[PDB]
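Coming up is one lone chain in structure tokens, specifically the form deposited in one PDB entry.
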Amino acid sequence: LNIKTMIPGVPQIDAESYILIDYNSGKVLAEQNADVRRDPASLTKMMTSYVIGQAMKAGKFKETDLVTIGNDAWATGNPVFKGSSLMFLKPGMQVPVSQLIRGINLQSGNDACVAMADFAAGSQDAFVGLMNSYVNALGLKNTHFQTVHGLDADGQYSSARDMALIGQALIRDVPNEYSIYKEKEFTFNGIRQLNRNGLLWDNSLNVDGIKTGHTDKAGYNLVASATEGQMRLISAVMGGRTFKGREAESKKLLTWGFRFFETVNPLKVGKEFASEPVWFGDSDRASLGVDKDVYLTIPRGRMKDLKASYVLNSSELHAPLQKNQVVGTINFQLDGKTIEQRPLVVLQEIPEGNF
């Protein structure tokens, strides 16, 4: 019992805040100061990429389309860019979207962000409006953007939790955009540029994202995501305190998560979990399940011990029953205790009887 019910100790993490979540279940595996508002620095570009990804998903433009660079995206024409990561765009260049988005995602090019913001939304301010609209849509409680890149934004902030949630949204909602993050290099204007995410080259993990950020003000920041088998984790580490820990602290969290936790998928949408009699219907019985795939994160090795059962909201089911009508709750249990609950819904509509 003692070894089965063990709660693992969390490694010490040399950073101001962090969080470790499961991508599929959303379970928070470990956290410290995860809601404290901090300078996001280049992590802001995750939201820039999310907006671009949404626009591309919507067919607003495609990767082959040429963007004509304007004055505001001219790297050496705007001292706000001094000492920052740049693609080195000049006005009059005609650059494919594919190249600009790799400038953003791999190189953290601040100039590329401006070029894409104007192309996608007409102005930087309108683009930032979109970024903040998605902050609202994603339910983020501790995030606000002022810039398309992270620079020159005194009232901009995010948090470890919110940055992990933006990472989750990238992978979930804009998978074609997310797929770019694992690319180790791209070439622009005859120069090869390497992805800044050093973890991509760590053989011991399968890291395929997401974004790094450093300013002297924000410290060292990293949102990472890695997979092992069925399982995908996302870590966000903000205000990393040393150069030597910039990838090491995140690696500590990810490796710890895979060692102690596992993700299970006990039920898919549309598959019967339970059946109940129904009154007044065109069928004698209601087929019951979920309207969203169930993922649970549990201690590693406890999968065989997982039990499921359900409760019903009402004594009797009466037709008409709508598809996806909520009629109860599924309880998932370990060691006799409910650890997770999901809504139990009608899978196939049952109208009133017609004879």
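Numbering starts at 1 and follows the sequence shown. If you superpose the two forms and keep the largest set of C-alpha atoms that fall within 1.5 Å, you have the rigid core.
Although not depicted, the form deposited in another entry is the subject of the following passage.
Looking at CA displacements between this form and the one not shown with the core superposed, a shift of 2 Å or more is confined, among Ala126, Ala274, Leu194, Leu138, to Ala274. In this overlay on the rigid core, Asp291 has a C-alpha that sits 2 Å or more away from its partner position between this form and the one not shown.
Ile52 shows a C-alpha shift below 2 Å between this form and the one not shown [criterion: core-superposed Cα displacement of 2 Å]. With the core superposed, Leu66 shows a C-alpha displacement below 2 Å between this form and the one not shown.
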